[PDB]
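With the entry's author numbering applied, the sequence shown covers 11 to 81, 91 to 180, 187 to 408.
A short write-up of the structure that comes next.
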Amino acid sequence: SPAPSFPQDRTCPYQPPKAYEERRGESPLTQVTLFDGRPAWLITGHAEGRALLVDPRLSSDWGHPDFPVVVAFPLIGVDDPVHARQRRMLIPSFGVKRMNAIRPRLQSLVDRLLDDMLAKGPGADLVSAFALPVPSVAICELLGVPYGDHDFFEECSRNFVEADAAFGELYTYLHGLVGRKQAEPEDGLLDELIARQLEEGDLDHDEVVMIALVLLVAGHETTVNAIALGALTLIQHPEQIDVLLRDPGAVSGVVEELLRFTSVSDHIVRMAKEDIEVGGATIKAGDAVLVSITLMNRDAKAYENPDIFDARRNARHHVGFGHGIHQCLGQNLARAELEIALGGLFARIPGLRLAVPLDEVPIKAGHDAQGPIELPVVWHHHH
Ligand code: HEM
């Protein structure tokens with residue numbers, strides 16, 4: 011593409027910009043241009059994207075001098100062998116048993132947020148009143164943050180999602202927490218990771234803090250958007266709100282279709298390490314490769330009528346959580362947050378509606394995780 015063309019902003023909060031669907035060819039990948047003129051491949055085919063995302067030839071090394079920027092981090096910003104070591108230290112903390120202990124806390128939090136919303140009502144900004152606190156507290160419970168420090172932690176987290190004093194405040198708190206936990210172990214991912222490091226066996230104090238900070242950054246804003254834009258999508262599709270009021274398996278199916286349709290992480294970034302033949306093209310070593318989660322999830326070859334939101338469709342292999350080497354580690358926590366927050370919101374406020382026309386909802390730009398900056402809602406009944 012001769013002039014910078016990626017990214018482009020959404021105009022509809024839960025549809026990709028026209029220019030992205032126009033950029034899609036018959037081919038499963040096309041080409042765009044980043045802000046400084048760098049060419050990049052855009053992967054749009056659902057099947058080819060999955061194939062490429064398990065492929066070791068695509069790097070995520072953010073420390074490489076030529077790593078693409080669209081305009091430093093454990094896990095998400097490294098290749099093997101650092102990647103596999105950090106991730107295998109974490110996997111056992113995201114187990115079924117830890118999730119299920121997190122569930123009733125998210126339940127109790129969601130009820131409280133809803134009582135409070137209703138006490139102040141109507142309406143509310145659903146981002147501020149509801150989507151914003153949930154991922155915060157989920158991360159506190161995940162990490163094992165002393166319950167005494169939750170308000171502080173949420174507050175920091177909220178200030179973050187300029188703002189690089191929030192991020193530094195979290196660093197310094199976490200740095201101290203890590204030290205306190207090493208000398209007096211408690212319960213939580215921090216403790217587990219500390220014990221896992223020590224196993225091996227010198228503790229890397231800054232790496233533990235950075236991993237904790239990556240978990241927070243990766244898991245906070247995207248989940249906030251997935252809650253808020255998920256609610257927006259349902260408000261705009263009131264003929265399907267009932268699916269949320271049926272059994273837990275229907276709730277989980279709504280959650281999967283929202284992940285696919287809304288594609289809150291819209292693209293992820295890679296760099297080729299070697300030549301790759303894909304889809305009639307030859308990606309060369311050093312080439313920027315953007316993987317479009319949005320256009321993959323709207324690929325008609327994978328999903329019949331892909332631009333329709335259908336809460337009952339089979340959405341099993343969506344890439345809303347990515348795929349392969351770096352696919353979302355916190356995905357089962359996020360699913361829990363979404364099921365409990367969306368199911369609780371519509372159970373309590375099934376007539377929840379927008380207080381503003383759709384086209385007045387402010388939404389994030391194209392380089393960002395996708396979703397509303399604010400979400401003015403009102404209701405005139407609640408259960
Ligand atoms: C609905 C909410 C979420 C969405 C849509 C989402 C989406 C994604 C996507 C698309 C990736 C792939 C990144 C890549 O391939 O470059 C990813 C990775 C990651 N996510 Fe999530 N995520 C969510 C929530 C969370 C939560 C709650 C956590 C933490 C508890 C988390 C932690 C991570 C981590 C650590 C990675 C990197 C894993 C690795 O590099 O091996 N995410 N996420």
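Backbone N, C-alpha and C define an ideal beta-carbon position, used for all residues, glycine too.
*Quick one: what's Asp144 bridged to in DSSP?*
Paired residue(s): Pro401.
*Of all the options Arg295, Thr43 and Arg117, which has the alpha carbon lying nearest to the alpha carbon of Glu217?*
Of the listed residues, the one whose Cα sits closest to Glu217 is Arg117.
_Which residue wins for smallest C-alpha separation from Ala188, given the options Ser147, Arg338 and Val242?_
Closest in C-alpha terms to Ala188, from the list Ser147, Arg338 and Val242, comes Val242.
*Got a sec: does the ligand HEM put a non-hydrogen atom nearer than 6 angstroms to the Cβ of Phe346?*
Checking the 6 angstroms criterion, the Cβ of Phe346 is within range of a heavy atom belonging to the ligand HEM.
*asked:* Which residue marks the beginning of the alpha helix (DSSP H) containing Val80, and which one marks its end?
replied: For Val80, there is no enclosing alpha helix (DSSP H), as DSSP gives it neither H nor E.
*Can the beta-carbon of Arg67 be found closer than 7 angstroms to that of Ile301?*
Contact flag set, yes.
*Exposed or buried, what is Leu151 when buried is set at 16 or more other beta-carbons lying within 10 Å of its beta-carbon?*
Buried: at least 16 other Cβ atoms inside 10 Å.
_Length at least 3, wholly inside the region 295-333: the beta strand (DSSP E) runs in chain order_ = Complete beta strand (DSSP E) runs here, min 3: 301-303, 306-308 and 313-317.
*Under a three-way DSSP split, which group does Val180 fall into?*
Note: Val180 maps to coil in three-state DSSP.
*In DSSP terms, what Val42 is bridged to*: The partner list for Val42 (beta bridge, DSSP) reads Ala50.
*Under 6 angstroms from any heavy atom of the ligand HEM, does the C-beta of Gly114 make it?*
It does not: the Cβ of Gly114 is nowhere closer than 6 angstroms to a heavy atom of the ligand HEM.
*asked:* Under 8 angstroms: do the region 155-162 and the region 243-260 share three or more Cβ pairs, one atom per stretch?
replied: The region 155-162 is in contact with the region 243-260.
*Confirm the yes/no value for this check: CB of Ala243, any heavy atom of the ligand HEM, distance under 6 angstroms.*
The nearest non-hydrogen atom of the ligand HEM is less than 6 angstroms from the C-beta of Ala243.
*Quick one: what's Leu379 bridged to in DSSP?*
Under DSSP, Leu379 forms a beta bridge with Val402.
*asked:* For residue 455 and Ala103, what's the separation of their Cα atoms in angstroms?
replied: With the chain running from 11 to 408 in the structure shown, residue 455 is simply not present.
*Can you have a look at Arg20 and say buried or exposed, based on whether 16 or more other CB atoms are within 10 angstroms of its CB?*
The residue is buried, with at least 16 neighbouring Cβ atoms inside 10 Å.
*When DSSP labels each residue in this structure, what does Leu195 get in the three-state scheme?*
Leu195 falls in the helix class under three-state DSSP.
*Flag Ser317 as yes when its Cβ comes closer than 6 angstroms to any non-hydrogen atom of the ligand HEM, and as no otherwise.*
Not under cutoff, so the answer is no.
*Going by DSSP, which residues form a beta bridge with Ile388?*
When beta bridges are read from the DSSP output, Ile388 appears opposite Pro397.
*Can you tell me whether DSSP reads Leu68 as helix, strand or coil?*
Strand at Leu68.
*Give the straight-line distance between the Cα atoms of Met296 and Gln356, rounded to the nearest whole angstrom.*
Per the coordinates, the alpha-carbon of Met296 lies some 24 angstroms from the alpha-carbon of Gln356.
*How about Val280 and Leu363: do their beta carbons lie closer than 7 angstroms?*
Yes, they are a contact pair.
_Between which two residues does the alpha helix (DSSP H) holding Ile158 run?_
It spans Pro152 to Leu162 - the alpha helix (DSSP H) in which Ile158 sits, taken as one unbroken run.
*Under the three-state DSSP convention, the category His169 falls into*: Looking at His169 - three-state DSSP - the assignment turns out to be helix.
*Would you kindly work out how many angstroms separate the C-alpha atoms of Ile219 and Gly114, rounded to a whole number?*
If I take the Cα positions, the gap works out to 17 angstroms.
*With burial defined as no fewer than 16 other Cβ atoms inside 10 Å of the residue's Cβ, what is the status of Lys326: buried or exposed?*
Exposed.
*Look at the Cβ atom of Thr319, then the Cβ atom of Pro26, and state whether they are nearer than 7 angstroms.*
Cβ distance < 7 angstroms, so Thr319 and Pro26 count as in contact.
*In angstroms, rounded to a whole number, what distance separates the CA positions of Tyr166 and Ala91?*
So the alpha carbons of these two residues sit roughly 29 angstroms apart.
*Integer Cβ distance of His392 from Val81, believed to fall under 8 angstroms*: The distance from the Cβ of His392 to that of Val81 is about 7 angstroms, consistent with a contact at the 8 angstroms cut-off.
_Start and end residues, alpha helix (DSSP H) containing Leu354_ = Membership of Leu354 in any alpha helix (DSSP H) is not indicated, and neither H nor E is assigned to it by DSSP.
_Rounded straight-line distance, which links the Cα of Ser317 to that of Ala50_ = Rounded to whole angstroms, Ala50 to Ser317 spans 12 angstroms at the Cα level.
*DSSP-derived helix/strand/coil call for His292*: In this structure, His292 counts as strand in the three-state DSSP scheme.
*When DSSP labels each residue in this structure, what does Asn339 get in the three-state scheme?*
DSSP places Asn339 in the coil class of the three-state scheme, outside both helix and strand.
*Is there contact between the region 363-373 and the region 336-348, where contact requires at least three CB pairs shorter than 8 angstroms?*
Between the region 363-373 and the region 336-348, the count of Cβ pairs shorter than 8 angstroms is below three; the stretches do not touch.
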